[PDB]
Amino acid sequence: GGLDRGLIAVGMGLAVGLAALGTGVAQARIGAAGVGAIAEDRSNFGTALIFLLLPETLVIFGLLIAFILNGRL
Amino acid sequence: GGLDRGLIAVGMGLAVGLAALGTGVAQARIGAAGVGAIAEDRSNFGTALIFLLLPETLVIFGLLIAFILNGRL
Amino acid sequence: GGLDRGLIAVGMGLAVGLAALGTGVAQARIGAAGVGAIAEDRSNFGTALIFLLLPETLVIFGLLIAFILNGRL
Amino acid sequence: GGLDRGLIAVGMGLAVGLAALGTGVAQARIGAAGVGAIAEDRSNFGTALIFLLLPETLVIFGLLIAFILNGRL
Amino acid sequence: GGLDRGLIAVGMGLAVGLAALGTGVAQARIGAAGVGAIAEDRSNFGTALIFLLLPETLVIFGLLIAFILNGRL
Amino acid sequence: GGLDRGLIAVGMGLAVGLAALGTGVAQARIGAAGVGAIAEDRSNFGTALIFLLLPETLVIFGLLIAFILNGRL
Amino acid sequence: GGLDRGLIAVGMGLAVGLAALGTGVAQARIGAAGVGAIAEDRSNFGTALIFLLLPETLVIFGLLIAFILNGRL
Amino acid sequence: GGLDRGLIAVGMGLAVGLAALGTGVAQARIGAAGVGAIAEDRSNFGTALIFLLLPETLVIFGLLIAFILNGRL
Amino acid sequence: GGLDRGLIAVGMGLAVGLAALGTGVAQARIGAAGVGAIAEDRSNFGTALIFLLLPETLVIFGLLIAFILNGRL
Amino acid sequence: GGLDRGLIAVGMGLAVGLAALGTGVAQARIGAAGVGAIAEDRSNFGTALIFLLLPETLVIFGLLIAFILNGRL
Amino acid sequence: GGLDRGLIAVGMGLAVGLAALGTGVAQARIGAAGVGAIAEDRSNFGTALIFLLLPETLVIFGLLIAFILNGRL
Amino acid sequence: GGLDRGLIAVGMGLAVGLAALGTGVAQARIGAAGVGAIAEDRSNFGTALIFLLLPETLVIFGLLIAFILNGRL
Amino acid sequence: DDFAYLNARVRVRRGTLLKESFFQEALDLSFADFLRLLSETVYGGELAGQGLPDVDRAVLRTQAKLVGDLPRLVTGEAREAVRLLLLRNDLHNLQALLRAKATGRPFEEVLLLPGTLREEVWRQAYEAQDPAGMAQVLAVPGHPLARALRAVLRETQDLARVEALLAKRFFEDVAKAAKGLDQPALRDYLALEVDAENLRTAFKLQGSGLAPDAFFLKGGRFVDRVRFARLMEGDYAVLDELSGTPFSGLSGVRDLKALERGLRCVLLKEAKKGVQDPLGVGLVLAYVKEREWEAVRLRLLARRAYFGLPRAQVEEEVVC
Amino acid sequence: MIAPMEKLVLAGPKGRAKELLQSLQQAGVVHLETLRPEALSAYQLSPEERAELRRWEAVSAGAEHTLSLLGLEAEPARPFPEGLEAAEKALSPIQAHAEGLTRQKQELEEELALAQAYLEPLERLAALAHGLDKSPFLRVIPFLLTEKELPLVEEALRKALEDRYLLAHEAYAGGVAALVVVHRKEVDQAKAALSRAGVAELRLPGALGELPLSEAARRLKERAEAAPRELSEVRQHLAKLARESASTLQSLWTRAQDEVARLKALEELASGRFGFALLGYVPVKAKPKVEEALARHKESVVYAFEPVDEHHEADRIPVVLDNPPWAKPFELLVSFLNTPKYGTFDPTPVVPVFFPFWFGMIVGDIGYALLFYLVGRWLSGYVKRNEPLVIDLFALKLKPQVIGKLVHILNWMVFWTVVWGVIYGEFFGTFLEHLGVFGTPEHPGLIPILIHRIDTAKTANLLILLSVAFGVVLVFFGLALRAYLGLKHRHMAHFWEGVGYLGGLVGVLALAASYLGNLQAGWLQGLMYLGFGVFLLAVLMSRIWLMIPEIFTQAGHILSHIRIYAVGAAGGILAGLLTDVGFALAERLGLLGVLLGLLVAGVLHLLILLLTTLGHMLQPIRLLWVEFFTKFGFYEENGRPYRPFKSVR
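Here the residue numbering is sequential from 1 along each chain as its sequence is written and may not follow the entry numbering; residues with no coordinates are omitted from view. Each chain is given a letter, starting from A, and each ligand a number, starting from 1, according to the order in which they appear as written. Think of the side-chain values as coming from all heavy atoms in the structure, minus any hydrogens and water. Residues with missing side-chain atoms are left out of burial classes, side-chain pairs and their counts.

In the PDB header, cryo-EM is given as the technique by which the entry was determined, and 3.6 Å as its resolution.

Enquirer: Before we go on, may I ask you to explain the overall build of chain M in this structure?
Expert: Looking only at helices and strands, one finds 16 helices and 0 strands in chain M. Compactness check: chain M gives a C-alpha radius of gyration of 20 Å against a globular reference of 20 Å for 320 residues, within 12% of the reference. Once the C-alpha set of chain M is aligned to its principal axes, its extents read approximately 50 × 50 × 40 Å. Note on contacts: a residue pair is in contact if any heavy atoms of the two residues lie within 4.5 Å. Long-range pairs, those at least 24 residues apart, make up 47% of the contacts in chain M between residues at least 6 apart in sequence. We count a stretch as a helix when DSSP gives it H or I for four or more residues in a row; a strand needs E for two or more, and each element gets its number in order from the N terminus. Both definitions apply: the radius of gyration is a C-alpha atom measure, and the globule rule equals 2.2 Å times residues to the power 0.38.

Enquirer: Would you take a moment to explain the interface of chain L and chain K for this structure?
Expert: Taken together, the contacts link 19 residues of chain L with 17 residues of chain K. By the convention adopted, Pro, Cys, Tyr, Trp, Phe, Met, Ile, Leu, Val and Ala count as nonpolar, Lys, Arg, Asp and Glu as charged, and the other residues, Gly among them, as polar. Of the residues that constitute the side of chain L that touches chain K, the class distribution is 12 nonpolar, 6 polar and 1 charged.

Enquirer: Hey, could you run me through the packing of helix α1 (residues 2-40) of chain L against helix α1 (residues 5-15) of chain M in this one?
Expert: The description of two packed helices rests on the angle between their axes and on the distance between the axes. Note on geometry: axes are lines fitted to C-alpha atoms, helical ones only across the stretch in contact, with angles between N-to-C directions running from 0 to 180 degrees. At a minimum axis distance of 7 Å, the contact between α1 of chain L and α1 of chain M shows a crossing angle of 35°. For the element pair α1 of chain L and α1 of chain M, the recorded crossing hand is right-handed. Along its contact with α1 of chain L, which presents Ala32, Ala33, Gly36, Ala37 and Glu40 of chain L, the element α1 of chain M presents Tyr5, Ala8, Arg9 and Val12 of chain M. Residue composition of the contact of α1 of chain L with α1 of chain M, grouped by class: 6 nonpolar, 1 polar and 2 charged. Crossings are assigned a handedness: left-handed for a near helix turned anticlockwise from the far helix by less than a right angle, right-handed for a clockwise turn.

Enquirer: Teacher, can you tell me more about the arrangement of the chains here?
Expert: You won't find any contact between chain C and chain H; their C-alpha atoms come no closer than 21 Å. There is a gap between chain G and chain I: no contact, and a shortest C-alpha distance of 21 Å.

Enquirer: What am I meant to see in the interface of chain D and chain E here?
Expert: Often the size quoted for an interface is simply the accessible area lost on bringing the parts together. At the interface, 14 residues of chain D touch 12 residues of chain E. Looking at side-chain class alone, the side of chain D that touches chain E contains 8 nonpolar, 6 polar and no charged residues.

Enquirer: It is not clear to me how the environment of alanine 538 of chain N should be interpreted in this structure. Could you clarify?
Expert: All names here are of chain N. Take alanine 538: it is sitting in helix α15 (residues 522-541). In the structure, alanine 538 is positioned 339 residues away from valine 199 in sequence and 85 Å away in space, judged by C-alpha atoms. In contact with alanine 538, not counting residues within four places along its chain, are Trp496 and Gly500.

Enquirer: What is the right way to look at the sheet that holds strand β6 (residues 270-271) of chain N in this model?
Expert: Across a sheet, strands are paired by hydrogen bonds formed along the backbone, either parallel or antiparallel in direction. All names here are of chain N. Any two strands with at least two DSSP bridges between them are considered paired. The antiparallel open sheet is built from 3 strands, whose spatial order is β2-β7-β6. Edge positions in the sheet fall to β2 (10-13) and β6, since each has one partner strand and no second. In the sheet, β6 pairs with strand β7 (residues 275-278) via 2 bridges, with the strands oriented antiparallel. What sits directly across from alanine 270, in β7, is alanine 277.

Enquirer: Would you mind showing me how to read the UniProt feature "transmembrane region" (unreviewed entry) in chain A here?
Expert: Residues and elements named next belong to chain A. UniProt positions are given in the numbering used here, feature names are shortened, and annotations may be inferred rather than shown by experiment. The feature "transmembrane region" (unreviewed entry), as given by UniProt, occupies residues 9-28 and 49-69 in the numbering adopted here. Structurally, residues 9-28 is divided into 100% helix and 0% strand, and its ends, taken at the C-alpha atoms, are 28 Å apart. Along residues 49-69 the backbone is 86% helical and 0% strand, and the end-to-end C-alpha distance reaches 32 Å.

Structure below.
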């Protein structure tokens, strides 16, 4: 077998998990505040969506790094 | 060898679980705010649903990465 | 004759535990808000359950991943 | 299973522990809110204890996974 | 041999301790609210301790898994 | 008994330590609320001391488990 | 492969994950707090971006470090 | 000797450290409330001894277990 | 010392560090409350300092355990 | 090679990521309060920007230590 | 060298990683309070900045430990 | 050979980092309280340091333990 | 911001307040003597002249500064909990603005007592005399009472219905925000205050005949809807039965002056009972309540001295 | 056994109704109803009725207040028949003799409290008073000197008398009064500075205050002499008066409560245009009581137990449980919970069957059962004697009737508990060291026990399977009851949902046990497919978004019954470990201090058993209420309770 592919996969999983945890940590508070403002004023949804577009970047990076490591394994 | 297959399983499971934790974190405050908006007025609830649809992205990404890893293994 | 079943079992167990942690994280705040809403008004228990049962998606996804890993085992 | 058996046992123990942590995390807040509302009104103890003891599904599923591991070993 | 004996003992202890930690986590908020309400009015003594004893079941699962492991030692 | 005894002791110690952490976690909030109520008056201290000394069951059980593991070490 | 390459890949993953957690932690409080002020100040998008551009510093560095580690692997 | 003694010492250290962490966690809230009550009135110069001394029990138990382990080692 | 002394020092360091963490966790809230009380009225600043010096007792116990480990290692 | 390169890489990466985590933790609150004040009014915007850019030192220090470790690899 | 040649590197990396949490803790609260009181406390703006720069001692000690380890290897 | 050096290095460095995190914890809350008090009254702006500098004792003790560990290697 | 760091400054400022003995021994000084004694008090920098008008104006300025300047390093997330205390002054300002706008009273004739809302925004909302316009000119995100105002504003345009909906809906919204607040002391104090306000409105409305579902305020921690209906009705035994709560002082009494004295004393003794929770908003609530009580007692004693009267003829004006 | 009761519509003359109400209140076997909108006014109370009601209400409030003042409690006893004014003339002497004596006692107590606060300090001040302070060319400020800060105040009050003396510390520091004397009676200047700094004058109330030093001290000494005797006499007189008047006050209070209740009922009635009418409800078994009471009002216009209302829109139906006597004591469990809505199945009788078996199975320890029997004997004294069961420790207001019900419940449970203790081979946990009488496989001492010590090699799987099966049976019974009640209530959707939930649970269990569990999935594949299809059919009948996770959680709860097995096994293991450790440290450790070691082990075992039995009582009832009861209801919905008019006795 190989002691490199499994290590690469485990490292990618750890990276993706930590990235998702950080993304959720930001998203909880930010989206809660944005949803509160949007319920206060339906016009606020236009910027609320812009705000909610932000938490996805961490998951995107954690998926990209995982894919790169899995390929390079 | 065979244990190198179980390393991939451990990595995939940890990644999926941590993505689930991130999604639940992003969902806690959003669900609290949605429950409040609904107990206030259903008109807030309509947009609150689109606001609360956010957290599942981390879970979806983690599941997809784990599926790719498992299929490779 | 090595330790591959043990690694797969550890991976599945960690996945399940992390999914349960995320579910509890969402559930705390969601259920508290629902309890407040129901105490204030008894005509929203349906919406309270609708919000409270939503974080079970992470648990369902974790169960599906665990079942897939067990089948691979 | 020797090393495999020990790894499987450790995985089961970690699964149970993490599921218990998540369940308790949800339960502390939900039960505190329920205790407050029931002290406010003794007729609220019906739905109070219901919503308090409801989230134990994750703990039950984790114990089921632990039993499945114990049976497999 | 200690290769299985120790990996069984620590595997049981992990689950036991983590379940104890979760039970304490729930009991913190539950007992704090209960003590406050009991000080507010003695009529909340039993009606509070009832709901407050629910977390004590959490450590039982860890104790049972530890007992099973000790038997399988 | 190099691996079996030492790792059994390590597992027992870790379990007892996690149980102590959980007991302290409970005792924090319990003692905080009890101190508030005592500053309100020393009259309810009879129930307050019971509520603030009751959670020691987790630590007692952890110590008993550690002693049993030492006996089987 | 062997130990050096796999451990280097896992270390790169850990670096990426911890950096993403730090980025999300930085994003959380500021992005949540600015929402209500932007609602009361619907024309303050410039001062909103003046803060929203900040968190990318950790993400850029994490991506660069991951690329460097991949090149070294 | 060797691995056995090292594992015994590491387990004792982890046990004592976790016990001290839990004790300090309890003492945090206990002493915060004690200082608040002392500011409120001099009544806290009295019965606060029990509240402030209860945290020492976890550290005492952990130290006793560590001493027993050292004697048996 | 090798596998004896290095792991003995590792366990002692873990115990000492966790004891320091617990002492600091207590000291955070204790010092915050003491600062508030002294600022409001510096009539019991000495008593506040005397009470806030307490959290280090567990640190001292952990240091004694580490010293015993060093002497036996 | 074996058992030096990847371990050195992980030692560098984990330290760098945790330094980034600490920097993000500080920046969250500091920039949150500053952005709130800036959105409220543009009076002390310069002071707010200074106090918000100030916490960027730890990430740089950790990255430098990581680069030194990579050189020593 | 062999095991030491990367184990010491990881030991120093974890040293720095756990050290940076001290700054991540202190500086968030200190910077939040400084930003909040700066506009009304120009009489302490320099004092606020001094208090904010105060917690660098731990980061310095961590860098010192990292340098000592680098010299040792 | 390589085990002793790496084990000693890790058991010293991780402990020192954890102690630094523990100190930074209190340096958050007590530091913010002191900033708030001195801002309101710039008369104890020097007398608050008397309790502000206190938490360094745990860091000092941990540094001494780590220095003994380093001297042993 | 931080409830503890703000608690330190609150502790300093609340220790910077007059004591009971200052009012006890300053009651002999009269007219200019009492004015000078106040000029020696915590509000001493405000005191310019002598007489009841100037004394009251100085007390108003001192309150509007000391208690009206709360958000110093406390704003942000904790602002939504702190502002929940500052309700009544802004409520009076907004109700007066609505009544003046719908009655043609001059904008400059409205006093616009400083509070949660900006006085300049209130003067603008004078021009924005429409219900929705005033709601927009008073839509504070950190004061969700603006939401109850807009719902009242969207409820109708008629002044009577708008005001009658606004008062009850804003009280309910404030009570609900307190209920959803992560602060046991704040929740307890606010709920007991809502219950006491319901009891007081029933006493002053005994015989008014309004439907108890509306007149009897909700959220009662002292009297239920039916209990308050009985209190409004000819049930003096309701007062004696209302014992067992912190509001246990009522005993077969339909009186109003004594009711106000007792309610004020009990609310003060409750708001001062949170001193054991400094990191929480309990310190802020104690500071606010003490500032209000000192301001009221000082103004009453100033009027008594400027018109040759004893201030402590009613103990409700002594320090409470 | 929630009986549907019956209706008792009736009519009568506007005059005779006032006695008919009294007769019905005497025969307290009915709850009333409004009937106000029955095309007539709701019996507008006469002004004379209002006056008599006010008089009676004042009489009752006075009776309660006089009971409180005398110290007794408002215990309903044999009444005191009399006129309204006659009972008033009985209460007035008691009221006066109580109120005056109480005022006297309170005054004496406050006077004594002031005396302790002022006697010795007044004497010390008088001793410090060399000359007379009333000398108009002089005056003094008697600052109290419990604290020695007076020299600090001397900074401001440096003024000193021309003749001699000034402001400083004074003798008898506990009651010291400063000799701050100033000539020309101008001591007010010094008093201003002494109020600014230090301590104020040693003032006094009343005669001690108004009078000068000499007369104040004389009055203080007189009060010190008198107040002991005054308080003693007041206490003795009040005690004797309470002892004498308790019976009369209690009888008067009972009669007043009965009359006031009758009057309030009359107020609740409905008019009849020179006639009157009555309405309400009464149990079907109380139809005989209604018929018997219909004879005094022999006219009895409609006095016949007409049938109770039909289920169609009858939310007003009052409920009452009245479980069979074997299940009667165990009604407390459902008493401490919500109430049904006039037509749900009452599960309270199922409790004394289901709960004791599982509770004893988890409680299967012979020593524990013996301890329970000993504690039952200990409480049986008060329980049978009707002694005061109320405990002020934890605000326990227990009454002997509660003890009577609980003793039956405890004995019924303890029988099964002792049976399970014999079966599980636990005697004082494990007395195997002294004797393995519950024969273990290793070395029997007497009749073997099926599961003992480490028998969990298979007993673990056995107990887990048994608990899971019992829970499955209970959950199936609950779901069946839910569906049946929905059908009986014409709630077709509810019945279909319950049936589909049961079918989905069956199919899920089949699929699990077949594919993932053991072999032989052929005879069970049809069952699993049928269950999944039944769940799908229930979803289709319930249209969109009938959450299957509800049934999933129900299945989880079914699995949760294994908690009983886990708790029982853990308790047995812990008890055996404790008993064996005690026997080892007592007998195996030389057997010299065997009694001491065994006693310590038993004490620790009882301390643990406190929480152990706490869980062993809560967790089974917890599982019952959470899963079984909540499967259908009675944790939801509510209804009007019963309330038999008057019959206070």
